[PDB]
Amino acid sequence: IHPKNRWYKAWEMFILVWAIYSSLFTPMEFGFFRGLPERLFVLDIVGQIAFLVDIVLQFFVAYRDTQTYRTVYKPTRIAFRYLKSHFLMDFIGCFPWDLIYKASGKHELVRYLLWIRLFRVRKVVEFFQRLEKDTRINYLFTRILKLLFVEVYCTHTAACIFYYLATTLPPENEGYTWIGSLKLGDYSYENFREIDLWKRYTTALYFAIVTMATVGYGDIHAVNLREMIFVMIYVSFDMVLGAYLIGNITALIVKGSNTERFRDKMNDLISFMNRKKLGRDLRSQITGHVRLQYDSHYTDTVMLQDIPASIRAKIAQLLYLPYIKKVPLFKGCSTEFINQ
Amino acid sequence: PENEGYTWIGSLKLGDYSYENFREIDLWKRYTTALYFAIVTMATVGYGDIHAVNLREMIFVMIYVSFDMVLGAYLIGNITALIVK
Amino acid sequence: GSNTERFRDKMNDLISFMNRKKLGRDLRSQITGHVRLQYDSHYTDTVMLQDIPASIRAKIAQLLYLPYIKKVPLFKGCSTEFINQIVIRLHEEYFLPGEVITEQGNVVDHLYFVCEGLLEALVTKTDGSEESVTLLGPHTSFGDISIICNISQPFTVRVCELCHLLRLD
Ligand SMILES: [K+]
């Protein structure tokens with residue numbers, strides 16, 4: 001098959017949607033749910049079969065060679081390449097990790113294994129790589145968007161883990177956790193395992209989001225000795241993430257803009273013109289002409305001028321000859337004379 | 001009006017003043033209290049005396065702080081670029 | 001940043017310019033190829049190289065370029081010492097298919113040796129100029145008689161294929 005087939009791309013988009021769903025659901029299944037309920041039977045099953053089908057179909061896809069511009073179509077070699085990099089993790093993540101938990105005596109580590117399914121975020125990573133290659137979207141805005149998605153995914157995962165850390169403590173000694181000690185307004189979280197899923201999730205995500213923005217109100221804070229060590233790591237990592245975001249936005253802005261260039265040009269012009277003490281009507285004429293010059297995209301000529309190396313020939317040939325032969329002084333002249 | 005507790009205002013006890021009936025206070029006290037909250041949250045200070053307490057306020061605060069984080073990064077970037085030039 | 005950013009920035013500006021005026025896909029291509037080349041390390045490579053006194057470079061030249069200059073028939077002087085004198089002062093240069101190298105106007109300045117690739121040799125005439133003078137290939141010379149006897153480089157040459165041409169003062 002060809003890395004750019006009509007529907008293969010349709011399958012890629014389908015699997016991207018499924019990958020987003022699984023990436024955003026696995027931490028929530030692991031944290032807020034000590035064993036998936038009965039109602040959520042078919043959702044897990046369908047997700048697993050979909051990703052297994054993708055595995056099988058990826059086993060039948062030609063790969064583009066890296067050092068060399070040949071896309072190979074050797075089935076044994078596509079086998080080898082797939083079975084090396086991204087087969088073991090995708091296969092292990094495909095096993096039913098809820099039925100195994102509810103069959104193997106309900107042991108905790110088989111549920112801890114659920115985090116293998118986070119490897120599907122590679123799909124979004126490759127999607128952002130493809131978007132970066134495309135010429136429609138600027139490179140640096142793509143980098144900013146990728147960092148904004150990374151921040152939000154890390155925040156959601158951190159919220160799931162932060163609620164999980166409050167379930168390790170025994171239910172009787174629940175007064176010594178970040179949740180179960182809240183008294184927000186009139187509401188008190190007494191038995192925090194008996195509230196709706198969305199209340200607990202929104203509280204945890206509220207804590208994580210006002211922590212990633214470095215607001216930190218302090219209505220919800222860490223209490224245990226395991227919740228302190230988690231917040232230290234989370235804020236230490238968030239600091240560097242935020243510095244990266246600021247740096248990328250700064251680079252995007254510092255690249256430049258047309259109004260900035262025009263204002264610099266007019267700065268030089270006004271300095272030179274006030275220095276030589278020329279007349280005001282000349283000032284108006286010059287500023288009007290330069291304003292038209294920068295409105296007409298005059299600076300494209302020099303940009304093209306910087307080492308195109310004579311492929312200008314057909315550019316000018318297709319761009320200017322429309323107005324050339326028409327003038328009543330070239331009638332009956334030679335073609336190469338017109339081109340030159 | 002019955003559940004004026006369990007609200008960001010109505011459960012406030014700044015100093016010796018209690019926002020008991022938060023619909024009869026002068027318009028300017030309510031307005032400048034809300035603005036105070038919004039400005040200490042856009043400056044990323046977050047004192048914590050005025051905080052969201054419901055589930056309709058947690059969502060709004062999350063959206064607002066995400067948007068303001070991006071905006072603050074943008075303002076820092078503009079000032080840095082113009083100083084660098 | 002890095003060079004992968006300069007490439008993308010220049011190509012983005014070029015795309016803006018080209019699609020703003022609806023140029024056409026064939027030239028789009030010509031341009032793309034050219035842009036790519038300038039960015040690639042081939043160029044800034046030799047330029048930066050510079051500095052390295054020469055003694056050291058000397059060995060770089062005699063390890064890279066020696067067989068290439070030895071395989072040209074014109075240099076059968078049989079003195080490999082003369083040939084090592086030749087290699088010690090060579091500078092590479094890459095031109096894309098469709099590049100003018102030398103024409104009648106420019107006098108001799110360098111010995112343009114031709115590496116793997118085809119460069120078209122032509123001359124001029126008085127009606128459509130002239131076509132098909134000679135198709136230079138590897139292990140040959142190009143622009144030699146001018147330094148041999150007298151200045152001025154006739155036989156206008158516009159390259160037709162990619163080639164890693166050498167150049168000696
Ligand atoms: K703060």
# chains A, B, ... in the order shown; residues from 1 in each chain; ligands from 1
>>> residues_around(residues="residue 21 (chain C)", least_positions_apart="5", cutoff="12 Å", atoms="only C-alpha atoms", output="list in words")
residues 297, 300, 315, 316, 318, 319 and 320 of chain A; 14, 15, 16 and 28 of chain C
>>> write_last_selection(atoms="C-alpha atoms", output="mmCIF file, in the first residue's frame")
data_model
loop_
_atom_site.group_PDB
_atom_site.id
_atom_site.type_symbol
_atom_site.label_atom_id
_atom_site.label_comp_id
_atom_site.auth_asym_id
_atom_site.auth_seq_id
_atom_site.Cartn_x
_atom_site.Cartn_y
_atom_site.Cartn_z
ATOM 1 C CA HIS A 297 4.819 44.959 -1.747
ATOM 2 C CA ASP A 300 9.429 41.286 -2.814
ATOM 3 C CA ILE A 315 9.086 33.923 -13.964
ATOM 4 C CA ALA A 316 9.503 37.190 -15.854
ATOM 5 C CA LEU A 318 5.164 34.382 -17.729
ATOM 6 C CA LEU A 319 4.662 37.580 -15.706
ATOM 7 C CA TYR A 320 5.600 40.493 -17.998
ATOM 8 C CA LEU C 14 8.505 32.274 -1.349
ATOM 9 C CA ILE C 15 5.176 30.426 -1.173
ATOM 10 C CA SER C 16 3.447 33.659 -0.168
ATOM 11 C CA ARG C 28 7.323 26.288 -8.368
#
>>> residues_near_ligand(ligand="ligand 1", cutoff="8 Å", atoms="only C-alpha atoms and all ligand atoms", output="mmCIF file with N, CA, C and O atoms, in the first residue's frame")
data_model
loop_
_atom_site.group_PDB
_atom_site.id
_atom_site.type_symbol
_atom_site.label_atom_id
_atom_site.label_comp_id
_atom_site.auth_asym_id
_atom_site.auth_seq_id
_atom_site.Cartn_x
_atom_site.Cartn_y
_atom_site.Cartn_z
ATOM 1 N N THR A 214 0.166 28.794 37.650
ATOM 2 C CA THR A 214 0.853 29.428 38.774
ATOM 3 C C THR A 214 -0.009 30.492 39.440
ATOM 4 O O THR A 214 0.498 31.511 39.909
ATOM 5 N N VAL A 215 -1.321 30.267 39.487
ATOM 6 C CA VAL A 215 -2.176 31.127 40.296
ATOM 7 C C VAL A 215 -2.181 30.657 41.742
ATOM 8 O O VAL A 215 -1.864 31.426 42.655
ATOM 9 N N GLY A 216 -2.488 29.380 41.950
ATOM 10 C CA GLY A 216 -2.457 28.821 43.291
ATOM 11 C C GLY A 216 -3.290 29.579 44.297
ATOM 12 O O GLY A 216 -2.752 30.295 45.143
ATOM 13 N N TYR A 217 -4.568 29.341 44.306
ATOM 14 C CA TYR A 217 -5.428 30.102 45.215
ATOM 15 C C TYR A 217 -5.121 29.538 46.580
ATOM 16 O O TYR A 217 -4.724 30.300 47.431
ATOM 17 N N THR B 44 -1.811 36.552 38.011
ATOM 18 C CA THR B 44 -1.299 35.297 38.564
ATOM 19 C C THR B 44 -0.790 35.465 39.989
ATOM 20 O O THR B 44 0.173 34.813 40.394
ATOM 21 N N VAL B 45 -1.430 36.338 40.768
ATOM 22 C CA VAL B 45 -1.120 36.394 42.190
ATOM 23 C C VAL B 45 -1.977 35.394 42.953
ATOM 24 O O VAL B 45 -1.455 34.508 43.638
ATOM 25 N N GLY B 46 -3.297 35.498 42.829
ATOM 26 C CA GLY B 46 -4.179 34.526 43.439
ATOM 27 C C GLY B 46 -4.056 34.478 44.945
ATOM 28 O O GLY B 46 -3.511 33.518 45.493
ATOM 29 N N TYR B 47 -4.526 35.524 45.623
ATOM 30 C CA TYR B 47 -4.405 35.574 47.076
ATOM 31 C C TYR B 47 -5.165 34.432 47.735
ATOM 32 O O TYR B 47 -4.643 33.774 48.640
#
>>> interface_residues(of="chain A", to="chain B", cutoff="8 Å", atoms="only C-alpha atoms", output="VMD selection string")
chain A and resid 184 to 187 199 202 to 203 206 209 to 210 213 to 219 245 to 247 249 to 251 253 to 254
>>> write_last_selection(atoms="C-alpha atoms", output="PDB file, in the first residue's frame")
ATOM      1  CA  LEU A 184     -15.538  24.658  49.902  1.00  0.00           C
ATOM      2  CA  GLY A 185     -18.238  27.174  50.810  1.00  0.00           C
ATOM      3  CA  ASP A 186     -21.169  25.212  52.204  1.00  0.00           C
ATOM      4  CA  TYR A 187     -20.298  21.835  50.652  1.00  0.00           C
ATOM      5  CA  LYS A 199     -17.761  16.477  40.797  1.00  0.00           C
ATOM      6  CA  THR A 202     -13.838  18.788  38.085  1.00  0.00           C
ATOM      7  CA  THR A 203     -12.442  19.484  41.559  1.00  0.00           C
ATOM      8  CA  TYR A 206      -9.576  22.720  38.945  1.00  0.00           C
ATOM      9  CA  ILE A 209      -5.352  23.921  36.132  1.00  0.00           C
ATOM     10  CA  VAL A 210      -4.941  26.687  38.707  1.00  0.00           C
ATOM     11  CA  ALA A 213      -1.068  28.655  35.546  1.00  0.00           C
ATOM     12  CA  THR A 214       0.853  29.428  38.774  1.00  0.00           C
ATOM     13  CA  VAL A 215      -2.176  31.127  40.296  1.00  0.00           C
ATOM     14  CA  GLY A 216      -2.457  28.821  43.291  1.00  0.00           C
ATOM     15  CA  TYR A 217      -5.428  30.102  45.215  1.00  0.00           C
ATOM     16  CA  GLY A 218      -4.891  27.638  48.023  1.00  0.00           C
ATOM     17  CA  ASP A 219      -8.467  26.494  48.610  1.00  0.00           C
ATOM     18  CA  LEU A 245       5.924  28.394  25.757  1.00  0.00           C
ATOM     19  CA  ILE A 246       7.107  31.949  26.430  1.00  0.00           C
ATOM     20  CA  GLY A 247      10.250  31.360  24.376  1.00  0.00           C
ATOM     21  CA  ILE A 249       5.892  32.905  21.368  1.00  0.00           C
ATOM     22  CA  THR A 250       8.815  35.331  21.681  1.00  0.00           C
ATOM     23  CA  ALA A 251      10.566  33.801  18.666  1.00  0.00           C
ATOM     24  CA  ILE A 253       6.931  37.597  17.385  1.00  0.00           C
ATOM     25  CA  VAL A 254      10.611  38.486  16.896  1.00  0.00           C
TER      26      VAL A 254
END
>>> residues_around(residues="residue 124 (chain A)", least_positions_apart="4", cutoff="9 Å", atoms="only C-alpha atoms", output="PyMOL selection string")
chain A and resi 16+19-20+120+128-129
>>> interface_residues(of="chain C", to="chain A", cutoff="8 Å", atoms="only C-alpha atoms", output="ChimeraX atom specification")
/C:8,12,15,17,23,27,30-31,34-35,98-100,128
>>> write_last_selection(atoms="N, CA and C atoms", output="mmCIF file, in the first residue's frame")
data_model
loop_
_atom_site.group_PDB
_atom_site.id
_atom_site.type_symbol
_atom_site.label_atom_id
_atom_site.label_comp_id
_atom_site.auth_asym_id
_atom_site.auth_seq_id
_atom_site.Cartn_x
_atom_site.Cartn_y
_atom_site.Cartn_z
ATOM 1 N N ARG C 8 12.779 26.830 6.180
ATOM 2 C CA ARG C 8 11.326 26.919 6.243
ATOM 3 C C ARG C 8 10.855 28.361 6.130
ATOM 4 N N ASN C 12 8.520 29.644 3.148
ATOM 5 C CA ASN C 12 7.212 30.216 3.449
ATOM 6 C C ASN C 12 7.032 31.563 2.761
ATOM 7 N N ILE C 15 6.527 30.911 -0.905
ATOM 8 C CA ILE C 15 5.176 30.426 -1.173
ATOM 9 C C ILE C 15 4.190 31.583 -1.172
ATOM 10 N N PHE C 17 4.798 34.728 -1.891
ATOM 11 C CA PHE C 17 5.002 35.504 -3.112
ATOM 12 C C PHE C 17 4.438 34.785 -4.333
ATOM 13 N N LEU C 23 1.715 31.737 -10.015
ATOM 14 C CA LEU C 23 2.798 31.542 -10.974
ATOM 15 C C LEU C 23 2.637 30.262 -11.787
ATOM 16 N N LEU C 27 7.631 25.989 -12.480
ATOM 17 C CA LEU C 27 8.602 26.881 -11.865
ATOM 18 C C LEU C 27 8.591 26.737 -10.351
ATOM 19 N N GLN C 30 11.041 24.576 -9.919
ATOM 20 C CA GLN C 30 12.413 24.941 -10.176
ATOM 21 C C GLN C 30 12.907 25.679 -8.988
ATOM 22 N N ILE C 31 12.053 26.542 -8.486
ATOM 23 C CA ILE C 31 12.431 27.336 -7.352
ATOM 24 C C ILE C 31 12.690 26.478 -6.155
ATOM 25 N N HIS C 34 15.950 24.944 -6.201
ATOM 26 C CA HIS C 34 17.062 25.819 -5.963
ATOM 27 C C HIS C 34 17.163 26.201 -4.528
ATOM 28 N N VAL C 35 16.032 26.486 -3.910
ATOM 29 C CA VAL C 35 16.075 26.986 -2.552
ATOM 30 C C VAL C 35 16.680 25.919 -1.721
ATOM 31 N N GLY C 98 20.257 23.987 -15.246
ATOM 32 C CA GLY C 98 19.744 25.273 -15.644
ATOM 33 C C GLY C 98 20.508 26.470 -15.104
ATOM 34 N N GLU C 99 21.808 26.335 -14.854
ATOM 35 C CA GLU C 99 22.625 27.397 -14.283
ATOM 36 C C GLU C 99 23.699 27.805 -15.278
ATOM 37 N N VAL C 100 23.827 29.109 -15.502
ATOM 38 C CA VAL C 100 24.883 29.631 -16.359
ATOM 39 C C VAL C 100 26.195 29.618 -15.588
ATOM 40 N N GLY C 128 18.227 33.281 -33.039
ATOM 41 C CA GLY C 128 18.113 32.261 -32.016
ATOM 42 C C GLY C 128 19.372 31.766 -31.350
#
>>> closest_residue(among="C:47, C:54, C:69, C:96", to="residue 115 (chain C)", atoms="only C-alpha atoms")
C:69
>>> select_by_dssp(residues="region 1-165 of chain C", states="strand (DSSP E or B)", output="PyMOL selection string")
chain C and resi 90+95+100-102+111-114+119-121+134-136+140+157-159+163
>>> write_last_selection(atoms="N, CA and C atoms", output="compact mmCIF listing (two decimals), in the first residue's frame")
# COMPACT_ATOMS: atom_id res chain seq x y z
N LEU C 90 42.16 23.64 -4.61
CA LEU C 90 40.87 23.40 -5.25
C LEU C 90 39.73 23.79 -4.32
N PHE C 95 26.14 23.65 -8.88
CA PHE C 95 25.14 24.40 -9.65
C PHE C 95 24.03 23.45 -10.05
N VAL C 100 23.83 29.11 -15.50
CA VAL C 100 24.88 29.63 -16.36
C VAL C 100 26.20 29.62 -15.59
N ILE C 101 27.21 28.98 -16.16
CA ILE C 101 28.51 28.90 -15.52
C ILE C 101 29.43 29.96 -16.11
N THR C 102 29.72 29.84 -17.41
CA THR C 102 30.60 30.77 -18.09
C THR C 102 29.99 31.14 -19.44
N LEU C 111 39.81 27.55 -13.29
CA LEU C 111 39.76 26.32 -14.08
C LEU C 111 38.59 25.48 -13.60
N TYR C 112 37.45 25.62 -14.28
CA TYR C 112 36.23 24.92 -13.89
C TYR C 112 36.31 23.46 -14.33
N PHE C 113 36.72 22.59 -13.42
CA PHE C 113 36.69 21.16 -13.68
C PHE C 113 35.31 20.60 -13.38
N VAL C 114 34.86 19.68 -14.22
CA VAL C 114 33.51 19.16 -14.16
C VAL C 114 33.52 17.79 -13.49
N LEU C 119 26.99 19.29 -18.09
CA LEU C 119 26.85 20.73 -18.28
C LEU C 119 26.85 21.02 -19.78
N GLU C 120 25.87 21.81 -20.22
CA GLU C 120 25.71 22.07 -21.64
C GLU C 120 26.67 23.17 -22.09
N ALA C 121 27.34 22.93 -23.22
CA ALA C 121 28.17 23.93 -23.87
C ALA C 121 27.46 24.40 -25.13
N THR C 134 28.65 21.19 -27.27
CA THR C 134 29.33 20.05 -26.68
C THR C 134 28.65 19.70 -25.37
N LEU C 135 28.56 18.41 -25.08
CA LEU C 135 28.01 17.91 -23.82
C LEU C 135 29.14 17.36 -22.96
N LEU C 136 29.68 18.23 -22.10
CA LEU C 136 30.78 17.85 -21.22
C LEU C 136 30.32 16.83 -20.18
N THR C 140 36.71 15.16 -17.34
CA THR C 140 37.10 16.06 -18.41
C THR C 140 37.39 17.43 -17.80
N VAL C 157 28.31 28.52 -21.58
CA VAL C 157 27.92 27.27 -20.95
C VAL C 157 26.84 27.54 -19.92
N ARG C 158 25.72 26.84 -20.06
CA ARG C 158 24.66 26.82 -19.05
C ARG C 158 24.44 25.37 -18.66
N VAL C 159 24.69 25.05 -17.39
CA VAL C 159 24.70 23.66 -16.95
C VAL C 159 23.34 23.02 -17.18
N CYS C 163 26.12 18.85 -10.71
CA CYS C 163 27.53 18.48 -10.78
C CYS C 163 28.31 19.21 -9.70
>>> residues_around(residues="region 22-30 of chain B", least_positions_apart="2", cutoff="9 Å", atoms="only C-alpha atoms", output="ChimeraX atom specification")
/B:1,4,9-10,19-20,32-35
>>> write_last_selection(atoms="N, CA, C and O atoms", output="short mmCIF file (atom, residue, chain, number, x, y, z; two decimals), in the first residue's frame")
data_model
loop_
_atom_site.label_atom_id
_atom_site.label_comp_id
_atom_site.auth_asym_id
_atom_site.auth_seq_id
_atom_site.Cartn_x
_atom_site.Cartn_y
_atom_site.Cartn_z
N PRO B 1 -31.90 32.42 45.27
CA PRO B 1 -31.55 33.20 46.46
C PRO B 1 -31.46 32.37 47.73
O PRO B 1 -30.78 32.78 48.68
N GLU B 4 -27.66 31.06 48.55
CA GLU B 4 -26.64 32.08 48.35
C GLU B 4 -25.33 31.72 49.02
O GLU B 4 -24.30 32.32 48.70
N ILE B 9 -19.55 34.51 46.01
CA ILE B 9 -20.02 35.60 46.86
C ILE B 9 -21.25 35.10 47.59
O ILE B 9 -22.04 34.32 47.04
N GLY B 10 -21.41 35.52 48.84
CA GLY B 10 -22.38 34.95 49.75
C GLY B 10 -21.76 34.02 50.77
O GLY B 10 -22.35 33.77 51.82
N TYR B 19 -20.77 39.01 53.28
CA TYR B 19 -21.63 39.24 52.12
C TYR B 19 -22.89 38.37 52.22
O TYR B 19 -23.14 37.48 51.41
N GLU B 20 -23.68 38.64 53.26
CA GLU B 20 -24.84 37.80 53.56
C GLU B 20 -25.84 37.80 52.41
O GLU B 20 -26.04 36.78 51.75
N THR B 32 -16.51 46.01 42.31
CA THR B 32 -15.09 46.09 42.58
C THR B 32 -14.56 44.86 43.30
O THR B 32 -13.39 44.53 43.13
N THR B 33 -15.40 44.13 44.04
CA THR B 33 -14.97 42.84 44.58
C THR B 33 -14.73 41.84 43.46
O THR B 33 -13.70 41.15 43.43
N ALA B 34 -15.68 41.74 42.52
CA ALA B 34 -15.50 40.83 41.40
C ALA B 34 -14.29 41.22 40.56
O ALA B 34 -13.52 40.35 40.12
N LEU B 35 -14.07 42.51 40.36
CA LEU B 35 -12.92 42.96 39.59
C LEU B 35 -11.66 42.64 40.33
O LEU B 35 -10.70 42.21 39.72
#
>>> select_by_dssp(residues="chain C", states="helix (DSSP H, G or I)", output="ChimeraX atom specification")
/C:3-21,25-39,41-49,55-64,66-70,73-75,80-87,145-148
>>> residues_around(residues="region 147-164 of chain A", least_positions_apart="4", cutoff="10 Å", atoms="only C-alpha atoms", output="PyMOL selection string")
(chain A and resi 23-34+121+124-125+141-143+168-169+177-179+200-212+222+226-227+230-231+234+237-238+241-242+244-245+248) or (chain B and resi 66+70)
>>> residues_around(residues="residue 38 (chain C)", least_positions_apart="5", cutoff="12 Å", atoms="only C-alpha atoms", output="PDB file with C-alpha atoms, in the first residue's frame")
ATOM      1  CA  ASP A 306      18.732  37.166  -3.260  1.00  0.00           C
ATOM      2  CA  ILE A 307      20.248  34.237  -5.194  1.00  0.00           C
ATOM      3  CA  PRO A 308      17.475  32.827  -7.362  1.00  0.00           C
ATOM      4  CA  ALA A 309      20.230  32.212  -9.959  1.00  0.00           C
TER       5      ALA A 309
ATOM      6  CA  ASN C   3      19.226  25.884   9.423  1.00  0.00           C
ATOM      7  CA  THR C   4      16.008  23.856   9.231  1.00  0.00           C
ATOM      8  CA  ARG C   6      16.015  29.368   7.772  1.00  0.00           C
ATOM      9  CA  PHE C   7      14.935  26.936   5.053  1.00  0.00           C
ATOM     10  CA  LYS C  10      12.538  31.417   3.180  1.00  0.00           C
ATOM     11  CA  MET C  11      10.257  28.787   1.641  1.00  0.00           C
ATOM     12  CA  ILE C  31      12.431  27.336  -7.352  1.00  0.00           C
ATOM     13  CA  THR C  32      11.950  24.727  -4.755  1.00  0.00           C
ATOM     14  CA  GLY C  33      14.853  22.833  -5.976  1.00  0.00           C
ATOM     15  CA  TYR C  43      27.782  25.466   0.502  1.00  0.00           C
ATOM     16  CA  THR C  44      28.190  27.089   3.878  1.00  0.00           C
ATOM     17  CA  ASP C  45      30.371  24.001   4.381  1.00  0.00           C
ATOM     18  CA  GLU C  93      30.971  24.519  -6.172  1.00  0.00           C
ATOM     19  CA  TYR C  94      27.520  23.096  -6.954  1.00  0.00           C
ATOM     20  CA  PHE C  95      25.145  24.398  -9.646  1.00  0.00           C
ATOM     21  CA  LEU C  96      21.662  23.088 -10.379  1.00  0.00           C
TER      22      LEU C  96
END
